[PDB]
Amino acid sequence: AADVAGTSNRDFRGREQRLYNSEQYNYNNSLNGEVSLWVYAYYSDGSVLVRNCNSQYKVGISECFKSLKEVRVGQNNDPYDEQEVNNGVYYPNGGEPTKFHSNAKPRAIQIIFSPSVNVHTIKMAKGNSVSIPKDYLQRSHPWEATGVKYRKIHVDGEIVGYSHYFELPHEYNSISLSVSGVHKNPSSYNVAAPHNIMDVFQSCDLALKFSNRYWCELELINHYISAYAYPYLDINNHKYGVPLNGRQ
Amino acid sequence: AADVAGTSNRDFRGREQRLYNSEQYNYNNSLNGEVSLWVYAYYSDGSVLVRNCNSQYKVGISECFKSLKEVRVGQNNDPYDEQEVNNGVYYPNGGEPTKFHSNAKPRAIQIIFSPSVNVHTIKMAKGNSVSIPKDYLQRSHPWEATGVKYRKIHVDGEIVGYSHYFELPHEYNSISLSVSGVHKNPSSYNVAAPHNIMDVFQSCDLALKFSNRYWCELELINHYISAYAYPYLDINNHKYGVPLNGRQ
Amino acid sequence: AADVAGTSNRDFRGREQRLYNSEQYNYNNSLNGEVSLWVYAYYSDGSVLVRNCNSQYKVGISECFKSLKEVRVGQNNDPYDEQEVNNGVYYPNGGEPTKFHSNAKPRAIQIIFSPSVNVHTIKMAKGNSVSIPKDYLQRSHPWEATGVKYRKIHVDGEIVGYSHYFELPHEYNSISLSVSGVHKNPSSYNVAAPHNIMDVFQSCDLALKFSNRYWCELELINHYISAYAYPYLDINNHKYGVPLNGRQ
Ligand SMILES: Nc1nc2c(ncn2[C@@H]2O[C@H](COP(=O)(O)OP(=O)(O)OP(=O)(O)O)[C@@H](O)[C@H]2O)c(=O)[nH]1
Ligand SMILES: Nc1nc2c(ncn2[C@@H]2O[C@H](COP(=O)(O)OP(=O)(O)OP(=O)(O)O)[C@@H](O)[C@H]2O)c(=O)[nH]1
Ligand SMILES: Nc1nc2c(ncn2[C@@H]2O[C@H](COP(=O)(O)OP(=O)(O)OP(=O)(O)O)[C@@H](O)[C@H]2O)c(=O)[nH]1
Ligand SMILES: Nc1ncnc2c1ncn2[C@@H]1O[C@H](COP(=O)(O)OP(=O)(O)OP(=O)(O)O)[C@@H](O)[C@H]1O
Ligand SMILES: Nc1ncnc2c1ncn2[C@@H]1O[C@H](COP(=O)(O)OP(=O)(O)OP(=O)(O)O)[C@@H](O)[C@H]1O
Ligand SMILES: Nc1ncnc2c1ncn2[C@@H]1O[C@H](COP(=O)(O)OP(=O)(O)OP(=O)(O)O)[C@@H](O)[C@H]1O
Ligand SMILES: [Cl-]
Ligand SMILES: [Cl-]
Ligand SMILES: [Cl-]
Ligand SMILES: [Mg+2]
Ligand SMILES: [Mg+2]
Ligand SMILES: [Mg+2]
């Protein structure tokens with residue numbers, strides 16, 4: 001006759017559950033694991049474009065002014081008029097659109113990394129509308145190291161991810177955007193030294209990308225974030241994610 | 001008076017032909033040569049999307065669920081309805097398309113490598129519809145090493161390429177897909193060690209890509225495969241390619 | 001009472017201006033600086049597609065036959081007919097378009113690098129319409145080193161950039177195109193050796209891209225080149241750029 005559940009050190013079902021969750025958390029943090037990046041572009045109509053990349057060793061996303069704009073697939077997007085918006089945004093008075101402010105422009109950006117990133121390695125190039133980091137190429141460092149600004153997304157006392165959020169509320173907030181982060185490596189084994197370097201090149205090939213525009217934050221939270229155990233931070237500063245280490 | 005053709009060791013025209021073919025085969029296998037990857041997505045209407053990349057040192061292709069779907073350029077693709085298909089495939093009951101199964105979904109994938117690949121280096125991430133390799137990121141190795149499954153495409157006793165083929169016949173066969181392979185290097189000279197590493201970075205830049213949807217396998221065989229001396233394996237297990245080493 | 005402007009060595013405003021310009025020029029040339037690449041595709045209707053990438057350490061652009069073709073956003077591009085053009089260009093007599101020559105085909109290409117490139121590192125793969133560098137993969141070196149052909153764009157005796165220009169005036173000038181260059185590094189410190197290699201991988205992530213089709217060379221010169229202090233060479237061999245080193 002077996003011990004009774006939840007009363008002794010022989011609840012092996014319980015120990016196996018805790019190990020299963022701990023193994024996933026720590027595997028993700030091993031050099032064999034993913035590091036993941038999400039870039040969220042929020043539009044005035046309440047919809048949200050997500051750009052996601054999942055890869056070994058390091059991960060990144062690179063967007064231009066045009067690629068960040070809202071596209072409603074299979075609906076009217078006034079493509080000619082929006083090309084004229086682009087011309088008017090690349091150079092002042094450079095186009096002839098029928099509008100002052102395109103509602104396809106993002107109102108905000110949230111950058112989220114998986115908990116397997118090392119925040120000290122995070123780099124971002126938030127450039128102008130023609131993809132220069134700081135106004136002119138000749139004065140541009142090709143990135144800023146913005147890790148100190150990333151907030152921890154905590155759930156149940158566990159870091160389930162990292163967030164950097166900035167609004168684009170002003171008419172001159174017209175941007176291009178690239179972001180990069182490196183997977184944790186507390187060892188002194190360089191994953192990109194000659195013993196393993198070609199595998200890092202293969203990781204550039206193997207990185208999986210995902211993009212979709214969700215009709216609102218609720219839908220994103222329900223059918224993307226929660227569905228796939230991703231970290232998130234909503235407009236009301238509510239934290240989402242699944243804590244795993246040492247937990248049932 | 002010259003020797004008679006095909007009767008002696010002084011048929012220099014004959015020797016030059018054989019060397020020409022041998023030189024092409026072996027150049028392709030040198031570190032100076034191409035390694036090439038083709039991903040074929042087969043649709044129920046009989047058409048075939050090819051994605052090709054040709055590059056030095058290593059090569060790869062990365063696709064998401066959406067990018068693998070059939071697009072008939074300049075014809076009706078019901079873009080709104082197919083966006084709803086995507087929503088319904090990213091999460092169950094997540095959309096409202098007018099169909100149960102999109103005929104734009106691939107029925108099968110064939111992955112073919114040039115004979116200059118080392119099959120031991122082949123990696124594939126066959127992920128789910130939101131670009132996670134194995135259901136959740138926390139448990140995902142970012143690839144599987146599938147080389148042992150690649151079949152040799154033989155012609156005249158020569159390996160003209162390698163094939164891995166899998167059908168997607170079930171309703172739940174909704175995938176994302178990345179593939180990578182490394183060019184043969186039997187030497188102990190690491191092409192990505194510091195003496196040559198920046199050239200491997202340049203190869204990422206220089207890799208040439210090609211995509212097209214052919215109306216059927218016959219057309220692909222005739223105007224793509226055969227036209228450009230590529231390897232192929234058709235649905236009837238017939239092998240295509242041009243044998244070169246030691247041959248006239 | 002301060003010295004009079006432009007009469008002595010105590011015009012600190014003057015010295016600061018000259019240093020400001022010199023600092024930008026030399027920063028651009030430091031390993032911290034950008035290296036930039038522009039590929040210009042010129043169309044018969046006088047418009048010009050620019051593809052630009054700006055990145056640390058090294059930079060590149062890769063295009064196929066299709067991606068180089070003129071696309072007039074929000075206007076009629078006869079997409080079905082132009083897909084048939086593609087089929088007819090990938091293989092002779094392979095399509096059924098309503099035209100002999102597509103006016104969407106580029107008439108010329110100009111490749112321009114920032115002055116921070118090392119011309120000895122420049123590589124180009126000018127391939128055929130199906131993205132093979134030299135007719136067949138088996139005989140293809142994956143690039144040509146074309147630096148000796150690049151012309152210096154001089155302004156006021158300063159090199160503000162480098163240009164390689166080739167026309168595509170013949171019916172058989174149907175190409176694919178990739179180009180790559182490496183940022184100057186006169187030091188013996190290898191930026192891609194293990195001490196800094198992962199940063200070069202991050203630079204692949206962080207590279208910012210830009211594309212736009214301008215209606216004519218005048219507009220490109222005015223609202224792109226000149227607006228953002230880029231180098232250029234127009235059809236009349238007129239040089240554009242801003243000289244900076246040692247200059248007010
Ligand atoms: N830790 C703790 N949790 C409480 C307390 N009161 C209510 N709770 C709830 O209980 C949850 C934690 O329960 P457990 O996971 O079983 O307890 P634990 O502290 O993690 O201990 P172990 O999992 O056995 O290591 C919390 O998420 C709370 O919502 C309390 O006093 N202490
Ligand atoms: N090898 C071989 N080929 C045959 C034979 N009978 C018919 N053939 C045909 O001949 C072809 C090969 O001819 P060759 O290439 O001239 O002969 P080989 O064996 O390759 O000899 P070398 O090219 O001179 O080294 C094959 O593809 C067959 O289709 C036979 O008995 N032996
Ligand atoms: N150098 C030079 N410039 C001239 C001369 N005559 C007219 N110019 C104009 O003057 C410009 C250069 O003027 P400066 O920049 O003040 O002279 P500089 O030779 O560069 O000398 P510093 O800037 O003081 O080092 C040129 O771009 C010319 O258009 C001349 O004889 N010599
Ligand atoms: N009432 C409680 N008393 C004592 N410990 C608690 C209580 N509730 C939770 N904890 C414990 O405190 C730790 C942190 O959990 P907590 O719920 O505060 O994290 P959180 O979700 O980041 O909190 P919040 O989001 O509310 O700021 C966990 O180990 C948890 O078990
Ligand atoms: N009738 C034959 N007798 C002897 N050798 C042959 C004959 N036909 C071909 N060969 C030789 O056998 C070797 C293998 O050629 P073979 O035609 O069997 O390759 P294959 O195209 O892979 O065959 P298959 O596709 O029919 O399985 C070659 O060196 C070829 O010259
Ligand atoms: N009339 C002049 N007499 C002497 N030096 C000059 C004169 N005009 C310019 N320079 C100097 O000559 C150097 C080269 O300037 P220059 O204007 O010839 O360059 P550039 O723009 O490449 O010429 P161009 O485009 O006309 O061939 C600069 O240092 C400049 O100060
Ligand atoms: Cl590890
Ligand atoms: Cl070699
Ligand atoms: Cl430096
Ligand atoms: Mg607990
Ligand atoms: Mg023979
Ligand atoms: Mg001067």
# chains A, B, ... in the order shown; residues from 1 in each chain; ligands from 1
$ interface_residues --of "chain B" --to "chain A" --cutoff "9 Å" --atoms "only C-alpha atoms" --output "mmCIF file with N, CA, C and O atoms, in the first residue's frame"
data_model
loop_
_atom_site.group_PDB
_atom_site.id
_atom_site.type_symbol
_atom_site.label_atom_id
_atom_site.label_comp_id
_atom_site.auth_asym_id
_atom_site.auth_seq_id
_atom_site.Cartn_x
_atom_site.Cartn_y
_atom_site.Cartn_z
ATOM 1 N N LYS B 58 28.024 27.693 -46.062
ATOM 2 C CA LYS B 58 26.814 27.159 -45.445
ATOM 3 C C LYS B 58 25.600 27.799 -46.103
ATOM 4 O O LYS B 58 25.712 28.836 -46.741
ATOM 5 N N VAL B 59 24.438 27.189 -45.942
ATOM 6 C CA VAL B 59 23.243 27.679 -46.606
ATOM 7 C C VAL B 59 22.021 27.343 -45.771
ATOM 8 O O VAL B 59 22.026 26.368 -45.022
ATOM 9 N N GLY B 60 20.981 28.157 -45.888
ATOM 10 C CA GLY B 60 19.755 27.900 -45.164
ATOM 11 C C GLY B 60 18.560 28.651 -45.703
ATOM 12 O O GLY B 60 18.696 29.617 -46.456
ATOM 13 N N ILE B 61 17.386 28.165 -45.313
ATOM 14 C CA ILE B 61 16.107 28.767 -45.641
ATOM 15 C C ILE B 61 15.237 28.723 -44.388
ATOM 16 O O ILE B 61 15.234 27.720 -43.661
ATOM 17 N N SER B 62 14.525 29.813 -44.125
ATOM 18 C CA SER B 62 13.621 29.885 -42.980
ATOM 19 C C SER B 62 12.260 30.439 -43.386
ATOM 20 O O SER B 62 12.159 31.540 -43.919
ATOM 21 N N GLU B 63 11.225 29.649 -43.123
ATOM 22 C CA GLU B 63 9.859 29.969 -43.518
ATOM 23 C C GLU B 63 8.930 29.862 -42.306
ATOM 24 O O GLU B 63 9.214 29.138 -41.351
ATOM 25 N N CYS B 64 7.826 30.594 -42.352
ATOM 26 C CA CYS B 64 6.796 30.496 -41.327
ATOM 27 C C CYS B 64 5.583 29.818 -41.944
ATOM 28 O O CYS B 64 5.598 29.455 -43.124
ATOM 29 N N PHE B 65 4.537 29.626 -41.151
ATOM 30 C CA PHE B 65 3.338 28.990 -41.665
ATOM 31 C C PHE B 65 2.774 29.788 -42.844
ATOM 32 O O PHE B 65 2.400 29.216 -43.874
ATOM 33 N N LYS B 66 2.718 31.104 -42.699
ATOM 34 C CA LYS B 66 2.123 31.945 -43.733
ATOM 35 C C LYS B 66 2.944 31.913 -45.026
ATOM 36 O O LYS B 66 2.391 31.819 -46.128
ATOM 37 N N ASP B 78 -8.117 35.239 -52.154
ATOM 38 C CA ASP B 78 -9.006 35.491 -51.014
ATOM 39 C C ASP B 78 -8.218 35.912 -49.776
ATOM 40 O O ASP B 78 -8.245 35.220 -48.763
ATOM 41 N N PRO B 79 -7.492 37.044 -49.861
ATOM 42 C CA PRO B 79 -6.557 37.404 -48.789
ATOM 43 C C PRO B 79 -7.206 37.568 -47.411
ATOM 44 O O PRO B 79 -6.623 37.104 -46.435
ATOM 45 N N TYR B 80 -8.376 38.194 -47.320
ATOM 46 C CA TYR B 80 -9.028 38.337 -46.016
ATOM 47 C C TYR B 80 -9.389 36.965 -45.435
ATOM 48 O O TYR B 80 -9.066 36.664 -44.281
ATOM 49 N N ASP B 81 -10.044 36.134 -46.240
ATOM 50 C CA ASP B 81 -10.426 34.797 -45.802
ATOM 51 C C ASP B 81 -9.201 33.992 -45.366
ATOM 52 O O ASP B 81 -9.269 33.250 -44.395
ATOM 53 N N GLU B 82 -8.079 34.154 -46.061
ATOM 54 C CA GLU B 82 -6.892 33.375 -45.734
ATOM 55 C C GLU B 82 -6.184 33.929 -44.496
ATOM 56 O O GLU B 82 -5.475 33.203 -43.819
ATOM 57 N N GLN B 83 -6.375 35.208 -44.197
ATOM 58 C CA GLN B 83 -5.891 35.747 -42.935
ATOM 59 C C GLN B 83 -6.683 35.118 -41.794
ATOM 60 O O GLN B 83 -6.131 34.806 -40.739
ATOM 61 N N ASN B 86 -5.350 31.762 -41.133
ATOM 62 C CA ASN B 86 -4.161 31.891 -40.291
ATOM 63 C C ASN B 86 -4.533 32.027 -38.812
ATOM 64 O O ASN B 86 -3.980 31.324 -37.962
ATOM 65 N N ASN B 87 -5.492 32.899 -38.515
ATOM 66 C CA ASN B 87 -5.955 33.068 -37.146
ATOM 67 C C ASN B 87 -6.511 31.760 -36.575
ATOM 68 O O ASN B 87 -6.301 31.450 -35.410
ATOM 69 N N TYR B 90 -3.378 29.426 -35.965
ATOM 70 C CA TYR B 90 -2.516 29.850 -34.858
ATOM 71 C C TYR B 90 -3.109 29.478 -33.495
ATOM 72 O O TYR B 90 -2.386 29.275 -32.528
ATOM 73 N N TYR B 91 -4.431 29.398 -33.431
ATOM 74 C CA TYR B 91 -5.126 29.026 -32.204
ATOM 75 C C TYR B 91 -6.448 28.374 -32.601
ATOM 76 O O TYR B 91 -7.126 28.857 -33.497
ATOM 77 N N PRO B 92 -6.802 27.247 -31.967
ATOM 78 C CA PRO B 92 -8.043 26.583 -32.384
ATOM 79 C C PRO B 92 -9.267 27.458 -32.154
ATOM 80 O O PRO B 92 -9.390 28.069 -31.097
ATOM 81 N N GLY B 94 -9.863 30.211 -33.542
ATOM 82 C CA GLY B 94 -9.352 31.564 -33.411
ATOM 83 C C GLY B 94 -9.707 32.499 -34.551
ATOM 84 O O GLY B 94 -9.365 33.681 -34.511
ATOM 85 N N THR B 121 25.825 17.708 -40.979
ATOM 86 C CA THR B 121 25.656 19.079 -40.522
ATOM 87 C C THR B 121 24.235 19.590 -40.727
ATOM 88 O O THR B 121 23.911 20.697 -40.301
ATOM 89 N N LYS B 123 20.516 20.486 -40.360
ATOM 90 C CA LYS B 123 19.641 20.783 -39.234
ATOM 91 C C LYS B 123 18.306 21.300 -39.763
ATOM 92 O O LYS B 123 18.257 22.014 -40.772
ATOM 93 N N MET B 124 17.229 20.913 -39.091
ATOM 94 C CA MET B 124 15.890 21.356 -39.458
ATOM 95 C C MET B 124 15.084 21.679 -38.217
ATOM 96 O O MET B 124 15.091 20.922 -37.246
ATOM 97 N N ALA B 125 14.385 22.806 -38.269
ATOM 98 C CA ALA B 125 13.383 23.133 -37.267
ATOM 99 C C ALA B 125 12.018 23.102 -37.932
ATOM 100 O O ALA B 125 11.604 24.074 -38.563
ATOM 101 N N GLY B 127 8.604 23.412 -37.036
ATOM 102 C CA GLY B 127 7.877 23.936 -35.898
ATOM 103 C C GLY B 127 6.377 23.931 -36.089
ATOM 104 O O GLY B 127 5.873 23.477 -37.114
ATOM 105 N N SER B 129 2.543 26.150 -35.935
ATOM 106 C CA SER B 129 2.043 27.233 -36.778
ATOM 107 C C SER B 129 2.460 28.631 -36.293
ATOM 108 O O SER B 129 2.374 29.596 -37.053
ATOM 109 N N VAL B 130 2.930 28.741 -35.052
ATOM 110 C CA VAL B 130 3.396 30.030 -34.525
ATOM 111 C C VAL B 130 4.910 30.042 -34.321
ATOM 112 O O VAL B 130 5.434 30.845 -33.550
ATOM 113 N N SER B 131 5.595 29.135 -35.018
ATOM 114 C CA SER B 131 7.051 29.166 -35.171
ATOM 115 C C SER B 131 7.810 28.810 -33.890
ATOM 116 O O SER B 131 8.857 29.394 -33.600
ATOM 117 N N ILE B 132 7.272 27.841 -33.150
ATOM 118 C CA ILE B 132 7.960 27.193 -32.037
ATOM 119 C C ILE B 132 8.384 25.788 -32.467
ATOM 120 O O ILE B 132 7.560 25.046 -32.989
ATOM 121 N N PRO B 133 9.651 25.405 -32.235
ATOM 122 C CA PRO B 133 10.062 24.086 -32.735
ATOM 123 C C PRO B 133 9.284 22.896 -32.162
ATOM 124 O O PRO B 133 8.867 22.043 -32.946
ATOM 125 N N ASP B 135 6.260 22.709 -29.639
ATOM 126 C CA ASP B 135 5.082 23.097 -28.836
ATOM 127 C C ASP B 135 5.282 24.296 -27.901
ATOM 128 O O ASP B 135 4.485 25.225 -27.932
ATOM 129 N N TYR B 136 6.306 24.269 -27.056
ATOM 130 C CA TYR B 136 6.601 25.396 -26.176
ATOM 131 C C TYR B 136 8.083 25.718 -26.253
ATOM 132 O O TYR B 136 8.911 24.817 -26.380
ATOM 133 N N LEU B 137 8.424 26.998 -26.160
ATOM 134 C CA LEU B 137 9.813 27.413 -26.301
ATOM 135 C C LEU B 137 10.694 26.822 -25.207
ATOM 136 O O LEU B 137 11.850 26.482 -25.449
ATOM 137 N N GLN B 138 10.142 26.710 -24.006
ATOM 138 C CA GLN B 138 10.911 26.291 -22.846
ATOM 139 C C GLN B 138 11.437 24.856 -22.971
ATOM 140 O O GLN B 138 12.440 24.509 -22.348
ATOM 141 N N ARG B 139 10.772 24.029 -23.777
ATOM 142 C CA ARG B 139 11.196 22.640 -23.974
ATOM 143 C C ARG B 139 11.827 22.401 -25.353
ATOM 144 O O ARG B 139 12.124 21.261 -25.722
ATOM 145 N N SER B 140 12.014 23.467 -26.124
ATOM 146 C CA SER B 140 12.433 23.333 -27.518
ATOM 147 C C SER B 140 13.944 23.376 -27.732
ATOM 148 O O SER B 140 14.586 24.368 -27.400
ATOM 149 N N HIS B 141 14.504 22.296 -28.273
ATOM 150 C CA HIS B 141 15.817 22.368 -28.910
ATOM 151 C C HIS B 141 15.570 23.105 -30.231
ATOM 152 O O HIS B 141 14.585 22.824 -30.912
ATOM 153 N N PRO B 142 16.437 24.069 -30.597
ATOM 154 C CA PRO B 142 16.063 24.879 -31.768
ATOM 155 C C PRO B 142 16.196 24.185 -33.125
ATOM 156 O O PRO B 142 16.016 24.836 -34.154
ATOM 157 N N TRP B 143 16.497 22.892 -33.125
ATOM 158 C CA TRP B 143 16.601 22.126 -34.362
ATOM 159 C C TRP B 143 16.675 20.636 -34.079
ATOM 160 O O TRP B 143 16.933 20.226 -32.951
ATOM 161 N N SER B 176 5.763 25.503 -39.454
ATOM 162 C CA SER B 176 6.792 26.458 -39.824
ATOM 163 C C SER B 176 8.038 25.629 -40.109
ATOM 164 O O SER B 176 8.116 24.461 -39.700
ATOM 165 N N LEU B 177 9.003 26.198 -40.817
ATOM 166 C CA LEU B 177 10.108 25.387 -41.313
ATOM 167 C C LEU B 177 11.363 26.168 -41.604
ATOM 168 O O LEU B 177 11.363 27.089 -42.426
ATOM 169 N N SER B 178 12.448 25.762 -40.957
ATOM 170 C CA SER B 178 13.767 26.252 -41.309
ATOM 171 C C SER B 178 14.702 25.059 -41.510
ATOM 172 O O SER B 178 14.542 24.003 -40.892
ATOM 173 N N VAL B 179 15.667 25.232 -42.403
ATOM 174 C CA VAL B 179 16.610 24.172 -42.742
ATOM 175 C C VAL B 179 17.973 24.787 -42.975
ATOM 176 O O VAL B 179 18.069 25.884 -43.513
ATOM 177 N N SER B 180 19.020 24.081 -42.565
ATOM 178 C CA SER B 180 20.385 24.558 -42.724
ATOM 179 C C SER B 180 21.350 23.413 -42.987
ATOM 180 O O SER B 180 21.194 22.327 -42.439
ATOM 181 N N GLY B 181 22.353 23.668 -43.821
ATOM 182 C CA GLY B 181 23.391 22.690 -44.086
ATOM 183 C C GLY B 181 24.723 23.383 -44.278
ATOM 184 O O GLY B 181 24.777 24.545 -44.658
ATOM 185 N N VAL B 182 25.801 22.663 -44.006
ATOM 186 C CA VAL B 182 27.138 23.212 -44.137
ATOM 187 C C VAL B 182 27.839 22.537 -45.294
ATOM 188 O O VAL B 182 27.708 21.335 -45.499
ATOM 189 N N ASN B 190 39.434 25.458 -40.461
ATOM 190 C CA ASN B 190 38.116 25.960 -40.106
ATOM 191 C C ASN B 190 37.819 27.220 -40.912
ATOM 192 O O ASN B 190 38.500 28.230 -40.739
ATOM 193 N N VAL B 191 36.831 27.165 -41.806
ATOM 194 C CA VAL B 191 36.548 28.317 -42.658
ATOM 195 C C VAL B 191 36.032 29.501 -41.848
ATOM 196 O O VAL B 191 36.055 30.635 -42.323
ATOM 197 N N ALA B 192 35.571 29.239 -40.629
ATOM 198 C CA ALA B 192 35.018 30.292 -39.777
ATOM 199 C C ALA B 192 35.909 30.615 -38.577
ATOM 200 O O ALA B 192 35.490 31.308 -37.648
ATOM 201 N N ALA B 193 37.141 30.123 -38.595
ATOM 202 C CA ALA B 193 38.145 30.579 -37.646
ATOM 203 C C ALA B 193 38.632 31.958 -38.108
ATOM 204 O O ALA B 193 38.326 32.376 -39.220
ATOM 205 N N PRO B 194 39.372 32.675 -37.252
ATOM 206 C CA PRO B 194 39.687 34.087 -37.532
ATOM 207 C C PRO B 194 40.372 34.396 -38.873
ATOM 208 O O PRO B 194 40.186 35.500 -39.396
ATOM 209 N N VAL B 200 32.997 34.412 -44.112
ATOM 210 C CA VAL B 200 31.776 33.652 -43.880
ATOM 211 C C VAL B 200 30.635 34.626 -43.575
ATOM 212 O O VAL B 200 29.502 34.395 -43.992
ATOM 213 N N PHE B 201 30.930 35.721 -42.875
ATOM 214 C CA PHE B 201 29.920 36.758 -42.657
ATOM 215 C C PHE B 201 29.488 37.375 -43.978
ATOM 216 O O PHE B 201 28.308 37.636 -44.189
ATOM 217 N N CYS B 204 26.940 35.370 -45.864
ATOM 218 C CA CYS B 204 25.552 35.554 -45.440
ATOM 219 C C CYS B 204 24.909 36.667 -46.277
ATOM 220 O O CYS B 204 23.733 36.584 -46.649
#
$ residues_near_ligand --ligand "ligand 1" --cutoff "7 Å" --atoms "only C-alpha atoms and all ligand atoms" --output "PyMOL selection string"
chain A and resi 156+247-248
$ select_by_dssp --residues "region 30-214 of chain B" --states "strand (DSSP E or B)" --output "VMD selection string"
chain B and resid 34 to 42 48 to 56 58 to 63 108 to 113 117 to 127 144 151 to 155 158 to 167 176 to 183 208 to 214
$ atom_distance --atom1 "CA of residue 19 (chain A)" --atom2 "CA of residue 246 (chain A)"
7.2 Å
$ select_by_dssp --residues "region 8-246 of chain C" --states "helix (DSSP H, G or I)" --output "MDAnalysis selection string"
chainID C and resid 12:29 79:90 137:139 147:149 197:206 217:225
$ atom_distance --atom1 "atom 29 (O, counted along the ligand's line) of ligand 2" --atom2 "CA of residue 153 (chain B)"
17.6 Å
$ residues_near_ligand --ligand "ligand 6" --cutoff "10 Å" --atoms "only C-alpha atoms and all ligand atoms" --output "list in words"
residues 152, 153, 154, 155, 156, 157, 158, 159, 160, 237, 238, 239, 240, 241, 243 and 247 of chain C
$ write_last_selection --atoms "N, CA, C and O atoms" --output "mmCIF file, in the first residue's frame"
data_model
loop_
_atom_site.group_PDB
_atom_site.id
_atom_site.type_symbol
_atom_site.label_atom_id
_atom_site.label_comp_id
_atom_site.auth_asym_id
_atom_site.auth_seq_id
_atom_site.Cartn_x
_atom_site.Cartn_y
_atom_site.Cartn_z
ATOM 1 N N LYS C 152 36.240 56.394 -57.174
ATOM 2 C CA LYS C 152 36.124 57.302 -56.047
ATOM 3 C C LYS C 152 35.213 58.460 -56.408
ATOM 4 O O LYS C 152 35.360 59.073 -57.468
ATOM 5 N N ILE C 153 34.269 58.737 -55.525
ATOM 6 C CA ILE C 153 33.464 59.938 -55.592
ATOM 7 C C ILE C 153 34.193 61.002 -54.783
ATOM 8 O O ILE C 153 34.199 60.955 -53.555
ATOM 9 N N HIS C 154 34.834 61.934 -55.474
ATOM 10 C CA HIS C 154 35.570 63.006 -54.815
ATOM 11 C C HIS C 154 34.723 64.267 -54.735
ATOM 12 O O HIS C 154 34.056 64.629 -55.707
ATOM 13 N N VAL C 155 34.778 64.942 -53.589
ATOM 14 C CA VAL C 155 34.282 66.314 -53.464
ATOM 15 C C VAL C 155 35.296 67.132 -52.665
ATOM 16 O O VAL C 155 35.684 66.742 -51.566
ATOM 17 N N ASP C 156 35.731 68.255 -53.229
ATOM 18 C CA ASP C 156 36.708 69.124 -52.571
ATOM 19 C C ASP C 156 37.987 68.347 -52.207
ATOM 20 O O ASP C 156 38.646 68.639 -51.209
ATOM 21 N N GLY C 157 38.324 67.351 -53.019
ATOM 22 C CA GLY C 157 39.518 66.551 -52.799
ATOM 23 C C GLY C 157 39.377 65.461 -51.748
ATOM 24 O O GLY C 157 40.366 64.824 -51.383
ATOM 25 N N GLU C 158 38.161 65.249 -51.253
ATOM 26 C CA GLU C 158 37.900 64.197 -50.271
ATOM 27 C C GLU C 158 37.071 63.080 -50.890
ATOM 28 O O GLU C 158 36.147 63.347 -51.647
ATOM 29 N N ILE C 159 37.405 61.833 -50.567
ATOM 30 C CA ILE C 159 36.589 60.700 -50.989
ATOM 31 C C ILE C 159 35.365 60.591 -50.091
ATOM 32 O O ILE C 159 35.491 60.264 -48.908
ATOM 33 N N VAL C 160 34.189 60.853 -50.656
ATOM 34 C CA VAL C 160 32.945 60.816 -49.903
ATOM 35 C C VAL C 160 32.216 59.499 -50.136
ATOM 36 O O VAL C 160 31.187 59.248 -49.521
ATOM 37 N N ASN C 237 27.685 62.434 -64.500
ATOM 38 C CA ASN C 237 28.972 62.282 -63.827
ATOM 39 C C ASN C 237 29.223 63.389 -62.813
ATOM 40 O O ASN C 237 30.362 63.700 -62.497
ATOM 41 N N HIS C 238 28.152 63.974 -62.287
ATOM 42 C CA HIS C 238 28.279 64.987 -61.246
ATOM 43 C C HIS C 238 28.337 64.311 -59.888
ATOM 44 O O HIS C 238 27.541 63.411 -59.611
ATOM 45 N N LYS C 239 29.284 64.749 -59.057
ATOM 46 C CA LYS C 239 29.546 64.153 -57.746
ATOM 47 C C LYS C 239 28.808 64.874 -56.630
ATOM 48 O O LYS C 239 28.827 66.112 -56.569
ATOM 49 N N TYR C 240 28.201 64.098 -55.734
ATOM 50 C CA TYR C 240 27.516 64.632 -54.554
ATOM 51 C C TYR C 240 28.023 63.997 -53.264
ATOM 52 O O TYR C 240 28.344 62.799 -53.213
ATOM 53 N N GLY C 241 28.076 64.812 -52.219
ATOM 54 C CA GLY C 241 28.528 64.375 -50.915
ATOM 55 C C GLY C 241 29.037 65.564 -50.132
ATOM 56 O O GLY C 241 29.195 66.645 -50.690
ATOM 57 N N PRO C 243 32.142 66.911 -47.866
ATOM 58 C CA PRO C 243 33.493 66.678 -47.346
ATOM 59 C C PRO C 243 33.642 67.201 -45.927
ATOM 60 O O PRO C 243 33.147 68.285 -45.607
ATOM 61 N N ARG C 247 37.848 70.078 -42.354
ATOM 62 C CA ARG C 247 37.110 71.144 -43.018
ATOM 63 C C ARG C 247 36.043 71.762 -42.121
ATOM 64 O O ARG C 247 35.485 71.101 -41.253
#
